[PDB]
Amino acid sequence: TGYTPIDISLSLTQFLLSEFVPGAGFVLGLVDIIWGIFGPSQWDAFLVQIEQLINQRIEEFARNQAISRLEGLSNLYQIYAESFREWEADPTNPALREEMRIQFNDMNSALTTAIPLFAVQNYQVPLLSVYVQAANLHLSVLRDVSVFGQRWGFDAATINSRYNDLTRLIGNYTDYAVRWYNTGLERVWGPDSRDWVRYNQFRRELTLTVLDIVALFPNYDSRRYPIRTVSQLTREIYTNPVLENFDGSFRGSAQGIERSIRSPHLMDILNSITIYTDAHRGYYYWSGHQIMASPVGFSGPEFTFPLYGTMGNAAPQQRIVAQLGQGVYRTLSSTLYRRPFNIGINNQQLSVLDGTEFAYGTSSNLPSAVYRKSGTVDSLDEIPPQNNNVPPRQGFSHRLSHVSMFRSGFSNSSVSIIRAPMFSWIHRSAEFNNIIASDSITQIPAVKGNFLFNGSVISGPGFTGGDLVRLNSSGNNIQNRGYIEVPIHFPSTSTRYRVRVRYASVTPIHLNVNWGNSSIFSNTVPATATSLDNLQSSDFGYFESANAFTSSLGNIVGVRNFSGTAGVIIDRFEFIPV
């Protein structure tokens, strides 16, 4: 059918983001999306997807052993799923209850045996995606026994033991996956542009097929999340048409290309891009541009970034409005390469864009914005739909969040000109606004805030689904306390909410949580980590307000660091309806 593991994973991500609640729906969902296949095809494809990228086939025996085992888990989970489905339909039935207990044990036992075979020495990287899939399924099944095990007829001692497995393995699987993500990525680095392409492709593909899934693992903790919980992925992934459609390779450019990506920041909303046009020998091109953005929820004035590339005057400037409908979901770019037989300042090599169509995500339809012309270098090939059952403009997975630029040469004095817009893509689960649901546990990442004082945004470890907020120590200045404020919106004004914060700290730290002007928590929270530099899964802890309140307290939430000597990492705010 022409599908790749990337398509499949994005679809699974969509599911896990919107349907993360225990019950038959979840179990049947996993069968429908991943585990309902017959035969080795899918699994082979999952392996090839990473193998072809690192340019290394898994040793043949270990490869067949892994594929074979995945087939086994598939058959077994299909049976488990149907037993679950019939059981839910008739929960008091003793025969169904006994069958569930047997099915759970077989499933748990098979997964525990199978997993190390997806961690074979010297082949951890190409086996990573199937590992994560298996790990996901295992956590899922452990979550199921935690929620339903009593009703199935397991004793309290067995349930608690399985739950302790769940919490430990949330940690272990996460750390394993991130470690091997980092290792694999690092191996793929090289000095030239061809290397950078491969490196970024790895980052991109494994973000979509590994990291994105891992980021949702904490959700399986049924005690922490006893009802439906909605996560948001704020991380950005990258395409670059000029570089990615280039068959040659720019020597020693990789570092420069990588630096052209912007550094960690509070999430913004891309409003417009103003493109400047330069020309050479009747070839008109995108020479530079200017970005305009807004804070999350349009909760502040629009801001303008410094000029990217060079301001050319060969044609009038074109202001492309990105923020219409759901925003820009797709770029279709026209690449221009000039490689003349004789090269000189009068006859330059060009590696640029001479057109781009910017297509909008929309429930209906909306005409595309077009810089000069459309092209065939299509972002949808790299950033596919999460839902392939509707048109791409409805079933898209990402939204254009920024455009920066890798640049080389000056038109006036160079033989070779590179102008390579770097397109940055945010997952659509990163909503324009912070909207607190009334019937589910709403997760709002701290980086979705709009005001940060005595602190900085730092790179996530890779398992949080985006970046993190670091509040600095005050230096014993009551006026210099680190503060992050998040704008929030309540569609329901009568629902009562407890506010939970997910954090990391090396020493005990006094934190103050405000909802509007009201302080709803002010106390010392324990240390959770040994280091803030090398973050592992268990380094993140939780604390929460004692009481529940309504939207009448206000439309902001914040955390203040009262410590004079220690810093603290804020991951996300969570709103729990009582």
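One-based numbering along the sequence shown.
Mean C-alpha B-factor is higher over 73-81 than over the other stretch, the pair under comparison being 467-475 and 73-81. For the segment pair 119-127 and 242-250, the entry gives 119-127 the higher mean B-factor, averaged over Cα atoms. Of all the options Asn160, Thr209, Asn200, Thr442, the entry's greatest CA B-factor is assigned to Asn160. Ranking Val147, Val377, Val370, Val390 by the C-alpha B-factor listed in the PDB entry places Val147 at the top. Looking at the C-alpha B-factors along this chain, the one for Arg235 belongs to the lowest third. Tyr283: CA B factor lies in the middle third for its chain, per the PDB record.
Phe303: CA B factor lies in the middle third for its chain, per the PDB record. In the deposited entry, the Cα temperature factor of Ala135 sits in the middle third of values across the chain's modelled residues. Remark: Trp152 belongs to the highest third of its chain, ranked by C-alpha B-factor as recorded.
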